[PDB]
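The file input33.tsv contains TSV, C-alpha atoms and all ligand atoms:
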```tsv
chain	number	residue	atom	x	y	z
A	2	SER	CA	100.12	63.87	-71.21
A	3	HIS	CA	103.10	62.82	-69.07
A	4	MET	CA	103.61	66.39	-67.85
A	5	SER	CA	106.71	67.22	-65.82
A	6	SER	CA	107.92	70.09	-63.67
A	7	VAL	CA	111.15	70.94	-61.88
A	8	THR	CA	111.30	72.37	-58.38
A	9	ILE	CA	112.62	75.96	-58.35
A	10	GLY	CA	112.52	76.52	-54.60
A	11	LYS	CA	110.64	75.94	-51.37
A	12	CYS	CA	108.32	78.72	-50.31
A	13	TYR	CA	105.54	79.93	-48.08
A	14	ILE	CA	102.46	81.23	-49.90
A	15	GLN	CA	101.00	84.07	-47.84
A	16	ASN	CA	98.01	86.33	-48.43
A	17	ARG	CA	98.30	90.12	-48.35
A	18	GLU	CA	94.80	90.62	-46.96
A	19	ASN	CA	95.00	88.53	-43.75
A	20	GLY	CA	98.64	87.34	-43.53
A	21	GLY	CA	97.43	83.75	-43.77
A	22	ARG	CA	99.49	80.93	-45.26
A	23	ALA	CA	98.23	78.20	-47.58
A	24	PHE	CA	98.85	74.74	-46.11
A	25	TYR	CA	98.29	71.07	-46.92
A	26	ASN	CA	98.36	68.49	-44.11
A	27	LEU	CA	98.44	64.99	-45.61
A	28	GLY	CA	97.46	63.17	-42.41
A	29	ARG	CA	94.29	65.20	-41.88
A	30	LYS	CA	93.59	65.46	-45.63
A	31	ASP	CA	93.37	69.18	-44.89
A	32	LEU	CA	93.97	71.92	-47.47
A	33	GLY	CA	93.39	75.49	-46.34
A	34	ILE	CA	94.75	78.84	-45.17
A	35	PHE	CA	95.91	79.51	-41.60
A	36	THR	CA	96.73	82.89	-40.03
A	37	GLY	CA	98.64	81.97	-36.85
A	38	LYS	CA	101.76	79.92	-36.06
A	39	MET	CA	104.09	78.97	-38.91
A	40	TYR	CA	104.14	75.19	-39.41
A	41	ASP	CA	106.04	72.87	-41.74
A	42	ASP	CA	102.94	72.01	-43.76
A	43	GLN	CA	102.88	75.62	-45.01
A	44	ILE	CA	106.06	75.00	-47.04
A	45	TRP	CA	105.45	74.32	-50.74
A	46	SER	CA	107.56	73.23	-53.69
A	47	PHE	CA	107.43	75.94	-56.35
A	48	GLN	CA	108.04	74.26	-59.72
A	49	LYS	CA	108.66	75.43	-63.29
A	50	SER	CA	106.25	73.42	-65.42
A	51	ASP	CA	107.03	72.02	-68.85
A	52	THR	CA	104.63	74.61	-70.32
A	53	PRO	CA	106.25	78.03	-70.90
A	54	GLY	CA	105.15	80.70	-68.44
A	55	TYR	CA	103.32	78.28	-66.12
A	56	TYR	CA	104.22	76.88	-62.71
A	57	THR	CA	103.01	74.11	-60.43
A	58	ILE	CA	102.63	74.26	-56.64
A	59	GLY	CA	103.39	71.00	-54.83
A	60	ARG	CA	103.27	69.38	-51.40
A	61	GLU	CA	103.48	65.72	-50.33
A	62	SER	CA	104.04	64.56	-53.94
A	63	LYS	CA	100.73	66.19	-54.97
A	64	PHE	CA	99.91	69.34	-56.94
A	65	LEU	CA	97.61	72.28	-56.27
A	66	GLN	CA	94.69	72.04	-58.69
A	67	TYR	CA	91.51	73.87	-59.60
A	68	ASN	CA	88.92	71.65	-61.28
A	69	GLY	CA	86.28	74.31	-61.99
A	70	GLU	CA	84.46	73.57	-58.72
A	71	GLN	CA	87.03	73.48	-55.92
A	72	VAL	CA	90.71	73.86	-55.16
A	73	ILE	CA	92.16	70.43	-54.33
A	74	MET	CA	95.45	68.52	-54.36
A	75	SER	CA	96.00	66.28	-57.40
A	76	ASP	CA	98.13	63.12	-57.36
A	77	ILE	CA	99.07	63.77	-61.02
A	78	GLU	CA	100.31	66.89	-62.79
A	79	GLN	CA	97.42	67.77	-65.11
A	80	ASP	CA	96.72	70.85	-67.19
A	81	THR	CA	94.53	72.06	-64.30
A	82	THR	CA	97.59	72.15	-62.01
A	83	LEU	CA	99.18	74.93	-64.10
A	84	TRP	CA	99.20	78.44	-62.62
A	85	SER	CA	100.67	81.67	-63.94
A	86	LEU	CA	101.99	84.49	-61.79
A	87	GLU	CA	100.21	87.79	-62.49
A	88	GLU	CA	102.06	90.67	-60.90
A	89	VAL	CA	99.96	93.12	-58.90
A	90	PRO	CA	100.98	96.56	-60.26
A	91	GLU	CA	99.97	98.50	-57.15
A	92	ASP	CA	101.61	96.07	-54.65
A	93	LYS	CA	105.22	95.33	-55.53
A	94	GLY	CA	106.21	91.83	-54.47
A	95	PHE	CA	102.70	90.38	-54.70
A	96	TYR	CA	101.16	88.15	-57.36
A	97	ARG	CA	97.80	86.78	-58.29
A	98	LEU	CA	97.90	83.07	-59.09
A	99	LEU	CA	95.83	82.44	-62.22
A	100	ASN	CA	94.66	78.93	-63.08
A	101	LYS	CA	95.46	78.24	-66.75
A	102	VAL	CA	92.51	76.03	-67.67
A	103	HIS	CA	89.79	77.97	-65.86
A	104	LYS	CA	91.24	81.51	-65.73
A	105	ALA	CA	90.31	81.72	-62.04
A	106	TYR	CA	92.49	83.36	-59.36
A	107	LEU	CA	93.49	81.56	-56.16
A	108	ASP	CA	91.55	83.16	-53.30
A	109	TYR	CA	90.23	82.24	-49.87
A	110	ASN	CA	86.91	82.07	-48.05
A	111	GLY	CA	87.22	81.58	-44.31
A	112	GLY	CA	89.76	78.80	-43.90
A	113	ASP	CA	89.20	77.38	-47.40
A	114	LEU	CA	91.17	77.95	-50.58
A	115	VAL	CA	88.90	78.86	-53.50
A	116	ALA	CA	89.23	80.36	-56.98
A	117	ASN	CA	87.50	83.40	-58.45
A	118	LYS	CA	87.30	84.79	-61.98
A	119	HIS	CA	86.79	88.38	-60.81
A	120	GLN	CA	89.82	90.20	-59.41
A	121	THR	CA	89.52	90.88	-55.65
A	122	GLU	CA	91.71	92.10	-52.82
A	123	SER	CA	92.11	88.63	-51.21
A	124	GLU	CA	93.78	87.16	-54.34
A	125	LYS	CA	97.14	88.86	-53.66
A	126	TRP	CA	99.89	86.48	-52.51
A	127	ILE	CA	103.55	86.78	-51.61
A	128	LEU	CA	105.55	83.59	-52.21
A	129	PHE	CA	108.69	83.84	-50.10
A	130	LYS	CA	111.68	81.55	-49.66
A	131	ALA	CA	111.25	79.11	-46.77
A	132	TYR	CA	114.99	78.42	-46.28
B	8	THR	CA	118.50	88.74	-47.19
B	9	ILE	CA	119.63	92.36	-47.62
B	10	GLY	CA	117.33	95.26	-48.47
B	11	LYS	CA	113.56	95.57	-48.09
B	12	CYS	CA	112.00	92.78	-46.07
B	13	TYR	CA	109.20	91.69	-43.77
B	14	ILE	CA	110.16	90.46	-40.29
B	15	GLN	CA	107.70	87.76	-39.22
B	16	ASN	CA	107.46	85.69	-36.05
B	17	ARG	CA	107.32	81.90	-36.22
B	18	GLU	CA	105.16	81.52	-33.12
B	19	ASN	CA	102.19	83.67	-34.13
B	20	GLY	CA	102.76	84.86	-37.73
B	21	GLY	CA	102.86	88.49	-36.57
B	22	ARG	CA	105.05	91.07	-38.30
B	23	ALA	CA	107.11	93.88	-36.81
B	24	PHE	CA	106.02	97.35	-37.92
B	25	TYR	CA	106.74	101.03	-37.30
B	26	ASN	CA	104.26	103.75	-38.24
B	27	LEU	CA	105.85	107.20	-38.04
B	28	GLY	CA	102.61	109.20	-38.11
B	29	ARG	CA	101.23	107.33	-35.09
B	30	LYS	CA	104.63	106.97	-33.37
B	31	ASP	CA	103.64	103.29	-33.17
B	32	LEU	CA	106.24	100.50	-33.03
B	33	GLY	CA	105.04	96.95	-32.47
B	34	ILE	CA	104.04	93.58	-33.88
B	35	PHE	CA	100.83	93.02	-35.82
B	36	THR	CA	98.74	90.05	-36.91
B	37	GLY	CA	96.64	90.43	-40.02
B	38	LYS	CA	96.87	92.43	-43.22
B	39	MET	CA	100.34	93.06	-44.71
B	40	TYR	CA	100.47	96.86	-44.52
B	41	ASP	CA	103.37	98.83	-45.95
B	42	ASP	CA	104.53	99.99	-42.50
B	43	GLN	CA	105.72	96.37	-42.07
B	44	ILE	CA	108.47	96.74	-44.72
B	45	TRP	CA	111.91	97.13	-43.12
B	46	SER	CA	115.34	97.88	-44.54
B	47	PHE	CA	117.77	95.20	-43.35
B	48	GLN	CA	121.30	96.47	-43.97
B	49	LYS	CA	124.87	95.65	-43.08
B	50	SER	CA	125.91	98.13	-40.42
B	51	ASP	CA	129.07	100.22	-40.29
B	52	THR	CA	130.30	97.71	-37.69
B	53	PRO	CA	131.30	94.40	-39.35
B	54	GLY	CA	129.30	91.37	-38.23
B	55	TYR	CA	126.13	93.28	-37.34
B	56	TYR	CA	123.09	94.64	-39.13
B	57	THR	CA	120.70	97.52	-38.73
B	58	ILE	CA	116.91	97.13	-38.93
B	59	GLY	CA	115.56	100.34	-40.46
B	60	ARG	CA	112.17	101.99	-40.98
B	61	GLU	CA	111.02	105.59	-41.50
B	62	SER	CA	114.70	106.64	-41.72
B	63	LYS	CA	115.22	105.44	-38.12
B	64	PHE	CA	116.89	102.33	-36.69
B	65	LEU	CA	115.54	99.67	-34.33
B	66	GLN	CA	117.36	99.78	-30.97
B	67	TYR	CA	117.22	98.27	-27.49
B	68	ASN	CA	118.03	100.75	-24.71
B	69	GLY	CA	118.28	98.13	-21.96
B	70	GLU	CA	114.63	98.58	-20.92
B	71	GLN	CA	112.54	98.90	-24.09
B	72	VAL	CA	112.71	98.34	-27.83
B	73	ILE	CA	112.42	101.76	-29.49
B	74	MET	CA	113.49	103.52	-32.65
B	75	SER	CA	116.70	105.57	-32.86
B	76	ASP	CA	117.23	108.60	-35.11
B	77	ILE	CA	120.91	107.62	-35.60
B	78	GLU	CA	122.95	104.46	-36.08
B	79	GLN	CA	124.38	104.06	-32.58
B	80	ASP	CA	125.80	100.95	-30.94
B	81	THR	CA	122.39	99.93	-29.55
B	82	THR	CA	121.05	99.69	-33.14
B	83	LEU	CA	123.33	96.75	-33.97
B	84	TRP	CA	121.83	93.26	-34.24
B	85	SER	CA	123.30	89.89	-35.14
B	86	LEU	CA	121.53	87.00	-36.86
B	87	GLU	CA	121.70	83.81	-34.79
B	88	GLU	CA	120.54	80.71	-36.63
B	89	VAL	CA	117.88	78.57	-34.98
B	90	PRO	CA	119.38	75.04	-35.13
B	91	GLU	CA	116.03	73.24	-35.00
B	92	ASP	CA	114.06	75.51	-37.41
B	93	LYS	CA	115.59	75.94	-40.86
B	94	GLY	CA	114.98	79.43	-42.26
B	95	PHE	CA	114.50	81.16	-38.89
B	96	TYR	CA	116.84	83.38	-36.89
B	97	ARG	CA	117.01	85.04	-33.53
B	98	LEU	CA	117.91	88.74	-33.64
B	99	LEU	CA	120.48	89.45	-30.91
B	100	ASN	CA	121.12	93.01	-29.72
B	101	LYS	CA	124.89	93.48	-29.57
B	102	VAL	CA	125.13	95.94	-26.67
B	103	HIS	CA	122.65	94.26	-24.29
B	104	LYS	CA	122.84	90.63	-25.54
B	105	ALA	CA	119.03	90.54	-25.58
B	106	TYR	CA	116.93	88.81	-28.24
B	107	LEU	CA	114.13	90.57	-30.08
B	108	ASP	CA	110.86	89.18	-28.73
B	109	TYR	CA	107.18	90.11	-28.49
B	110	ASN	CA	104.35	90.38	-25.96
B	111	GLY	CA	100.87	91.08	-27.28
B	112	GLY	CA	101.34	93.92	-29.73
B	113	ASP	CA	104.63	95.06	-28.16
B	114	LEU	CA	108.15	94.38	-29.32
B	115	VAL	CA	110.31	93.53	-26.29
B	116	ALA	CA	113.69	91.91	-25.70
B	117	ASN	CA	114.72	88.94	-23.57
B	118	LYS	CA	118.18	87.68	-22.63
B	119	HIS	CA	116.77	84.14	-22.31
B	120	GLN	CA	116.39	82.06	-25.46
B	121	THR	CA	112.67	81.31	-25.90
B	122	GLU	CA	110.17	80.08	-28.48
B	123	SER	CA	108.82	83.61	-29.12
B	124	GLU	CA	112.13	84.90	-30.54
B	125	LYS	CA	112.25	83.06	-33.88
B	126	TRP	CA	111.91	85.35	-36.90
B	127	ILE	CA	111.92	84.87	-40.66
B	128	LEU	CA	113.11	87.89	-42.65
B	129	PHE	CA	111.80	87.59	-46.20
B	130	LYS	CA	112.23	89.76	-49.27
B	131	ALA	CA	109.49	92.36	-49.62
B	132	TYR	CA	109.89	92.95	-53.36
A	201	LIG	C1	96.17	70.05	-34.21
A	201	LIG	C2	96.02	70.72	-35.55
A	201	LIG	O1	95.15	70.34	-36.33
A	201	LIG	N1	96.86	71.73	-35.82
A	201	LIG	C3	97.06	72.20	-37.18
A	201	LIG	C4	96.62	73.66	-37.32
A	201	LIG	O2	95.24	73.78	-36.93
A	201	LIG	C5	94.90	75.15	-36.91
A	201	LIG	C6	94.60	75.61	-35.49
A	201	LIG	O3	95.70	75.24	-34.68
A	201	LIG	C7	93.31	74.96	-35.00
A	201	LIG	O4	93.04	75.46	-33.70
A	201	LIG	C8	92.15	75.27	-35.98
A	201	LIG	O5	90.96	74.64	-35.46
A	201	LIG	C9	89.75	75.24	-35.90
A	201	LIG	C10	88.78	74.12	-36.17
A	201	LIG	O6	89.29	73.29	-37.26
A	201	LIG	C11	87.41	74.57	-36.50
A	201	LIG	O7	86.55	73.42	-36.64
A	201	LIG	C12	86.87	75.49	-35.41
A	201	LIG	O8	85.67	76.02	-35.78
A	201	LIG	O9	87.83	76.62	-35.18
A	201	LIG	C13	89.17	76.16	-34.82
A	201	LIG	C14	89.99	77.41	-34.62
A	201	LIG	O10	90.06	78.11	-35.84
A	201	LIG	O11	92.50	74.79	-37.26
A	201	LIG	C15	93.67	75.41	-37.79
A	201	LIG	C16	93.77	74.94	-39.24
A	201	LIG	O12	92.60	75.32	-39.95
A	201	LIG	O13	96.80	74.05	-38.67
A	201	LIG	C17	98.16	74.09	-39.04
A	201	LIG	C18	98.27	74.71	-40.43
A	201	LIG	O14	99.60	74.98	-40.76
A	201	LIG	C19	98.72	72.67	-39.00
A	201	LIG	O15	98.09	71.88	-39.99
A	201	LIG	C20	98.50	72.03	-37.63
A	201	LIG	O16	98.75	70.64	-37.75
A	201	LIG	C21	100.10	70.25	-37.42
A	201	LIG	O17	100.93	70.38	-38.51
A	201	LIG	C22	102.28	69.91	-38.34
A	201	LIG	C23	102.99	70.32	-39.60
A	201	LIG	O18	104.37	70.21	-39.45
A	201	LIG	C24	102.30	68.40	-38.02
A	201	LIG	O19	101.81	67.63	-39.15
A	201	LIG	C25	101.43	68.19	-36.76
A	201	LIG	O20	101.38	66.80	-36.44
A	201	LIG	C26	100.04	68.76	-37.01
A	201	LIG	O21	99.26	68.57	-35.82
A	202	LIG	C1	93.32	101.60	-37.57
A	202	LIG	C2	94.79	101.39	-37.38
A	202	LIG	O1	95.43	102.21	-36.71
A	202	LIG	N1	95.31	100.31	-37.95
A	202	LIG	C3	96.74	100.03	-37.93
A	202	LIG	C4	97.02	98.76	-37.14
A	202	LIG	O2	96.58	99.01	-35.79
A	202	LIG	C5	96.66	97.86	-35.01
A	202	LIG	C6	95.24	97.38	-34.65
A	202	LIG	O3	94.53	97.17	-35.87
A	202	LIG	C7	94.54	98.45	-33.82
A	202	LIG	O4	93.30	97.89	-33.36
A	202	LIG	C8	95.39	98.88	-32.62
A	202	LIG	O5	94.69	99.97	-32.01
A	202	LIG	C9	95.16	100.14	-30.67
A	202	LIG	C10	95.49	101.59	-30.54
A	202	LIG	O6	96.63	101.91	-31.40
A	202	LIG	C11	95.79	101.98	-29.14
A	202	LIG	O7	96.03	103.40	-29.08
A	202	LIG	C12	94.63	101.62	-28.24
A	202	LIG	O8	94.89	101.99	-26.96
A	202	LIG	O9	94.39	100.13	-28.29
A	202	LIG	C13	94.09	99.69	-29.66
A	202	LIG	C14	93.89	98.19	-29.63
A	202	LIG	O10	95.08	97.52	-29.32
A	202	LIG	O11	96.70	99.27	-33.05
A	202	LIG	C15	97.38	98.21	-33.72
A	202	LIG	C16	98.80	98.73	-33.92
A	202	LIG	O12	99.40	99.08	-32.66
A	202	LIG	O13	98.40	98.46	-37.18
A	202	LIG	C17	98.88	98.23	-38.49
A	202	LIG	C18	100.33	97.76	-38.40
A	202	LIG	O14	100.77	97.30	-39.66
A	202	LIG	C19	98.73	99.47	-39.36
A	202	LIG	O15	99.60	100.49	-38.89
A	202	LIG	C20	97.27	99.92	-39.35
A	202	LIG	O16	97.10	101.20	-39.92
A	202	LIG	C21	97.20	101.15	-41.34
A	202	LIG	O17	98.49	101.55	-41.76
A	202	LIG	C22	98.65	101.53	-43.20
A	202	LIG	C23	100.09	101.90	-43.44
A	202	LIG	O18	100.94	100.85	-43.04
A	202	LIG	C24	97.67	102.47	-43.89
A	202	LIG	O19	97.98	103.82	-43.55
A	202	LIG	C25	96.25	102.14	-43.45
A	202	LIG	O20	95.40	103.16	-43.98
A	202	LIG	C26	96.16	102.12	-41.93
A	202	LIG	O21	94.83	101.75	-41.57
```

What does this structure look like when you write it as structure tokens?
Ligand SMILES: CC(=O)N[C@H]1[C@H](O[C@@H]2[C@H](O)[C@@H](O)[C@H](O[C@H]3[C@H](O)[C@@H](O)[C@H](O)O[C@@H]3CO)O[C@@H]2CO)O[C@H](CO)[C@H](O)[C@@H]1O[C@@H]1O[C@H](CO)[C@H](O)[C@H](O)[C@H]1O
Ligand SMILES: CC(=O)N[C@H]1[C@H](O[C@@H]2[C@H](O)[C@@H](O)[C@H](O[C@H]3[C@H](O)[C@@H](O)[C@H](O)O[C@@H]3CO)O[C@@H]2CO)O[C@H](CO)[C@H](O)[C@@H]1O[C@@H]1O[C@H](CO)[C@H](O)[C@H](O)[C@H]1O
Amino acid sequence: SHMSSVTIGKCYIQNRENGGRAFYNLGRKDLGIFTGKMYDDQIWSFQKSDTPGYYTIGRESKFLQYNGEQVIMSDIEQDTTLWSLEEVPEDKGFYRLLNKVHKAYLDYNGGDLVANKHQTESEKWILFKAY
Amino acid sequence: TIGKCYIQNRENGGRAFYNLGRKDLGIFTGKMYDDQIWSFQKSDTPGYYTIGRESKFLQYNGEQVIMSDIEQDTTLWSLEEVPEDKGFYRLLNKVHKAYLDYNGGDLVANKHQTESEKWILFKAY
């Protein structure tokens, strides 16, 4: 309990397969991926968690979470907000983001963020410095 | 900021690319193909940078944005910070004082400052 994390940097989280960026808009309660204009709500806090080798992904004082059913934003840092970076051997600079609890990779379907246990081509992300 | 990078436009998320086999220079929305990885290097002229792909250098000839086989004066670009958008720069051609811009799938240049000229250059790997 009482997990903590420390912000490492601010970054965009962009998909290799469609160039789309993960975003979270608090006012619309909207979490998704968008492929056009770059907006401020596509900037995330990348955080070293208190658990070795695992990171959290934050926006608007919340944390990116996979609960076994959907990808959502959590008000509290839970074990299900821990992600590891799995380098993609064939695509230097890209990572899969693997949920610790559920061993599911961050993916997308249409405009939605999802998670998948099988490795696929739309699970490859580049997390680049926003500033 | 130096070395291999992607060069991505704020307004539409498109990335500059150059494909030697197709002789195709432009901007592209969609998948992040390897012909979108540029070499951003300090030039021989202090204060300016070259934007390199396929062993060639991005230039503006006064009419069109094209590649150059050699590092000539028209291949020199400066980074001009965008005051209102942290992390973004305009790319200003030294010889012609024209900013790198886009129109559809074309790279173009414009001496006016506009909203289509804001780029983020991020590390490729
Ligand atoms: C006004 C708005 O919601 N803009 C969002 C932006 O929305 C994009 C896109 O602009 C919009 O056209 C699209 O709408 C789709 C619609 O939802 C579907 O029902 C329909 O079938 O198809 C439409 C076209 O696809 O939704 C998109 C998002 O899915 O999304 C970006 C994402 O970065 C922003 O969230 C933007 O909102 C602005 O964000 C600002 C962030 O600094 C600020 O909070 C603005 O106030 C806010 O309007
Ligand atoms: C199939 C192809 O050439 N894909 C390119 C991609 O091309 C884009 C766009 O997808 C394509 O529809 C467009 O085609 C235009 C055509 O070139 C014109 O001659 C025609 O008159 O009008 C067409 C419609 O506009 O060209 C676009 C580029 O100008 O562009 C991307 C840029 O990153 C790639 O180059 C992609 O080809 C891929 O390149 C990879 C290497 O980077 C790899 O070799 C892939 O196998 C290859 O498919």

Which chain A residues are at most 6 Å from chain B (counting only C-alpha atoms), as an NGL selection string?
:A and (17-20 or 37-39 or 93-94 or 131-132)

Residues just named, written with C-alpha atoms as a PDB file, keeping the file's coordinate frame:
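Below is the file out.pdb, written as the result:
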```
ATOM      1  CA  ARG A  17      98.300  90.120 -48.350  1.00  0.00           C
ATOM      2  CA  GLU A  18      94.800  90.620 -46.960  1.00  0.00           C
ATOM      3  CA  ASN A  19      95.000  88.530 -43.750  1.00  0.00           C
ATOM      4  CA  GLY A  20      98.640  87.340 -43.530  1.00  0.00           C
ATOM      5  CA  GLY A  37      98.640  81.970 -36.850  1.00  0.00           C
ATOM      6  CA  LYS A  38     101.760  79.920 -36.060  1.00  0.00           C
ATOM      7  CA  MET A  39     104.090  78.970 -38.910  1.00  0.00           C
ATOM      8  CA  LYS A  93     105.220  95.330 -55.530  1.00  0.00           C
ATOM      9  CA  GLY A  94     106.210  91.830 -54.470  1.00  0.00           C
ATOM     10  CA  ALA A 131     111.250  79.110 -46.770  1.00  0.00           C
ATOM     11  CA  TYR A 132     114.990  78.420 -46.280  1.00  0.00           C
TER      12      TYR A 132
END
```

Distance of atom CA of residue 12 of chain B from atom CA of residue 58 of chain B, expressed in Å to one decimal place:
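Interatomic distance, atom CA of residue 58 of chain B to atom CA of residue 12 of chain B: 9.7 Å.
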
Just the number, please: distance in Å from atom CA of residue 41 of chain A to atom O19 of ligand LIG 201 (chain A), one decimal.
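So the answer is 7.2 Å.
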
Rounded to one decimal in Å, what is the spacing between atom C16 of ligand LIG 201 (chain A) and atom CA of residue 9 of chain A?
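According to the coordinates, atom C16 of ligand LIG 201 (chain A) and atom CA of residue 9 of chain A are separated by 26.9 Å.
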
Please report, as AutoDock Vina command-line options, the centre and edge lengths in Å to one decimal of an axis-aligned box covering all listed atoms of ligand LIG 201 (chain A) with 6 Å per side.
```
--center_x 95.0 --center_y 72.5 --center_z -37.2 --size_x 30.7 --size_y 23.3 --size_z 19.1
```

I need the residue nearest ligand LIG 201 (chain A) from this list: A:72, A:4, A:98, A:23. Use all atoms listed in the file for the distance.
A:23

If you count all atoms listed in the file, which residues fall within 6 Å of segment 114-118 of chain A, apart from same-chain ones fewer than 2 positions away, as a PyMOL selection string?
chain A and resi 33+72+105-109

Which residue of B:69, B:10, B:59, B:112 approaches ligand LIG 202 (chain A) most closely, using only C-alpha atoms and all ligand atoms
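When distances to ligand LIG 202 (chain A) are compared using only C-alpha atoms and all ligand atoms, the smallest one comes from B:112.
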
Counting all atoms listed in the file, which residue out of B:108, B:113, B:124, B:42 sits closest to ligand LIG 202 (chain A)?
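For ligand LIG 202 (chain A), the nearest of the given residues is B:42.
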
Select, from B:55, B:13, B:24, B:67, the residue with the minimum atom-to-atom distance to ligand LIG 202 (chain A), counting only C-alpha atoms and all ligand atoms.
B:24

Taking all atoms listed in the file into account, which residues have an atom no farther than 8 Å from ligand LIG 201 (chain A)? I'd like them as a PyMOL selection string.
chain A and resi 22-29+31+33-35+37-43+112

Which neighbours of segment 54-64 of chain A fall inside 8 Å, counting all atoms listed in the file, when residues of the same chain fewer than 4 positions from it are skipped, and could you give them as a PyMOL selection string?
chain A and resi 6+25+27+44-50+74-78+82-86+101

Counting only C-alpha atoms, I want the residues whose atoms come within 12 Å of (114.6, 93.9, -25.3) in the file frame, returned as a ChimeraX atom specification.
/B:65-73,81-82,84,98-110,113-120,124

Which residue, B:46, B:61, B:51, B:8, has the smallest gap to ligand LIG 202 (chain A) when you use all atoms listed in the file?
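The closest residue to ligand LIG 202 (chain A) is B:61.
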
Extract, using all atoms listed in the file, all DNA, RNA and protein residues at most 12 Å from residue 27 of chain B, discarding same-chain residues fewer than 6 positions from it, and format them as a list in words.
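Once the adjacent positions are removed, what remains is residues 33, 41, 42, 43, 60, 61, 62, 63, 74 and 76 of chain B.
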
Name the closest residue to ligand LIG 202 (chain A) among the candidates B:49, B:57, B:111, B:83; distances are taken between atoms, counting only C-alpha atoms and all ligand atoms.
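For ligand LIG 202 (chain A), the nearest of the given residues is B:111.
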
Please rebuild segment 98-113 of chain A with N, CA and C atoms and return the result as a PDB file, keeping the file's coordinate frame.
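The result, written out as out-v6.pdb:
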```pdb
ATOM      1  N   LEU A  98      97.605  84.393 -58.553  1.00  0.00           N
ATOM      2  CA  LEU A  98      97.900  83.070 -59.090  1.00  0.00           C
ATOM      3  C   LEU A  98      96.705  82.652 -59.933  1.00  0.00           C
ATOM      4  N   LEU A  99      96.908  82.598 -61.249  1.00  0.00           N
ATOM      5  CA  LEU A  99      95.830  82.440 -62.220  1.00  0.00           C
ATOM      6  C   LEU A  99      95.844  81.026 -62.787  1.00  0.00           C
ATOM      7  N   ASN A 100      94.767  80.286 -62.555  1.00  0.00           N
ATOM      8  CA  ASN A 100      94.660  78.930 -63.080  1.00  0.00           C
ATOM      9  C   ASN A 100      94.545  78.953 -64.607  1.00  0.00           C
ATOM     10  N   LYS A 101      95.397  78.172 -65.288  1.00  0.00           N
ATOM     11  CA  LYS A 101      95.460  78.240 -66.750  1.00  0.00           C
ATOM     12  C   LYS A 101      94.163  77.787 -67.396  1.00  0.00           C
ATOM     13  N   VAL A 102      93.653  76.625 -66.985  1.00  0.00           N
ATOM     14  CA  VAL A 102      92.510  76.030 -67.670  1.00  0.00           C
ATOM     15  C   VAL A 102      91.261  76.879 -67.451  1.00  0.00           C
ATOM     16  N   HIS A 103      91.050  77.342 -66.226  1.00  0.00           N
ATOM     17  CA  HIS A 103      89.790  77.970 -65.860  1.00  0.00           C
ATOM     18  C   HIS A 103      89.874  79.480 -65.729  1.00  0.00           C
ATOM     19  N   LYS A 104      91.062  80.064 -65.851  1.00  0.00           N
ATOM     20  CA  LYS A 104      91.240  81.510 -65.730  1.00  0.00           C
ATOM     21  C   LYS A 104      90.576  82.043 -64.455  1.00  0.00           C
ATOM     22  N   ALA A 105      90.813  81.338 -63.350  1.00  0.00           N
ATOM     23  CA  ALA A 105      90.310  81.720 -62.040  1.00  0.00           C
ATOM     24  C   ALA A 105      91.493  81.928 -61.092  1.00  0.00           C
ATOM     25  N   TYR A 106      91.403  82.969 -60.259  1.00  0.00           N
ATOM     26  CA  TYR A 106      92.490  83.360 -59.360  1.00  0.00           C
ATOM     27  C   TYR A 106      92.357  82.662 -58.007  1.00  0.00           C
ATOM     28  N   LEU A 107      93.476  82.136 -57.500  1.00  0.00           N
ATOM     29  CA  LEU A 107      93.490  81.560 -56.160  1.00  0.00           C
ATOM     30  C   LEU A 107      93.104  82.606 -55.118  1.00  0.00           C
ATOM     31  N   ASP A 108      92.164  82.244 -54.251  1.00  0.00           N
ATOM     32  CA  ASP A 108      91.550  83.160 -53.300  1.00  0.00           C
ATOM     33  C   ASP A 108      91.274  82.355 -52.035  1.00  0.00           C
ATOM     34  N   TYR A 109      90.628  82.981 -51.055  1.00  0.00           N
ATOM     35  CA  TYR A 109      90.230  82.240 -49.870  1.00  0.00           C
ATOM     36  C   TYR A 109      88.833  82.669 -49.439  1.00  0.00           C
ATOM     37  N   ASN A 110      88.180  81.777 -48.700  1.00  0.00           N
ATOM     38  CA  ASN A 110      86.910  82.070 -48.050  1.00  0.00           C
ATOM     39  C   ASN A 110      86.938  81.389 -46.687  1.00  0.00           C
ATOM     40  N   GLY A 111      87.001  82.179 -45.617  1.00  0.00           N
ATOM     41  CA  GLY A 111      87.220  81.580 -44.310  1.00  0.00           C
ATOM     42  C   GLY A 111      88.560  80.869 -44.304  1.00  0.00           C
ATOM     43  N   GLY A 112      88.564  79.614 -43.866  1.00  0.00           N
ATOM     44  CA  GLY A 112      89.760  78.800 -43.900  1.00  0.00           C
ATOM     45  C   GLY A 112      89.997  78.027 -45.174  1.00  0.00           C
ATOM     46  N   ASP A 113      89.125  78.163 -46.171  1.00  0.00           N
ATOM     47  CA  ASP A 113      89.200  77.380 -47.400  1.00  0.00           C
ATOM     48  C   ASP A 113      89.918  78.145 -48.501  1.00  0.00           C
TER      49      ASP A 113
END
```
